[PDB]
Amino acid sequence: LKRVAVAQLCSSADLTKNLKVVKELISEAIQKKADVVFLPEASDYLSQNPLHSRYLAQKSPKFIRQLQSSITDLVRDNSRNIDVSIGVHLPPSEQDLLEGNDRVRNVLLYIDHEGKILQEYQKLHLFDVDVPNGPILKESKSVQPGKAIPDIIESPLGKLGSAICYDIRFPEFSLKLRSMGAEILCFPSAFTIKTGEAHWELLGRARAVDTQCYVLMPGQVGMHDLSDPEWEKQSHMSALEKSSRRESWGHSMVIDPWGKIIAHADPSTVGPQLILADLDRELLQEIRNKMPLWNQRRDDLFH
């Protein structure tokens, strides 16, 4: 058995305050002897609008450097290793800017116990949706889409396939990750209330059953405090344009390859929390042996 931790949190626009929460959750994860801890999409910050996002992304590299140090400090002080998967943002590159693309990168980082970044997965499918009885959201206004399929990570838990949030709606992506050798999929997310209530548990369980993988679902939760007086000052924003009522679904969970929820967030808390699960490689292998889906595909017709 291999122990995983999945974090649920409520990001603000304040990267210093978010880092403190992140550090506490990683610290708890090590104390509970989790081999890897998974944190949600946008754990560095959430923003008020596309201009705010670009502003905050300029602060994310320092957040990441501080996180790398915090991880190594915690590993040193606990005499125990942990790896960290965490959603952040990164500013555009020089080449991006040269091409007229000043949008931020929505990135899932994998950081090992030595503070080394092993992967930066840039989100492929961006959240451009008219929410039913809700706001029109267009992630592509602030975020640039990725151009790479993420490599399978050989983590302490097993072979890991990485995805972010709306990526979960595109089954061919999860199928590809399994085809490449994934045993575990993660979907760190900031999921809406409306689509969360409808589809969050369904999609997680569906992906698990489709791919015969463990599925980890770290989610944002609660009403986000997006306030940034210093940026609001700089942007000349009126109090009228200042309020931001973004709310995330939470219900962070761990799902087995048969679609059984084996760990789930406590609904009684809307603050940060950690859930733990023990992953069973023998169960995963048994499930795949009994129903050998990857030996039964019609590649002659599909793809």
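Position 1 is the first residue in the sequence shown; the rest follow in order.
- Here the stretch with the larger average CA B-factor, out of 272-280 and 252-260, is 272-280.
- Here 3-11 and 294-302 are compared by their mean Cα B-factor, and 294-302 comes out higher.
- Highest C-alpha temperature factor among 34, 46, 39, 57, as the PDB entry reports it: 34.
- Highest CA B-factor among the listed residues (201, 183, 130, 139): 130.
- Sort the chain's modelled residues by C-alpha temperature factor and residue 135 lands in the highest third, per the entry.
- Sorting the modelled residues of the chain by their CA temperature factor places residue 62 in the middle third.
- Among the modelled residues of its chain, residue 194 has a C-alpha B-factor that falls in the highest third, as given in the PDB entry.
- In the PDB entry, a CA B factor belonging to the middle third of its chain's modelled residues is recorded for residue 229.
- Ranked within its chain, residue 123 lands in the lowest third, by CA B factor from the PDB record.
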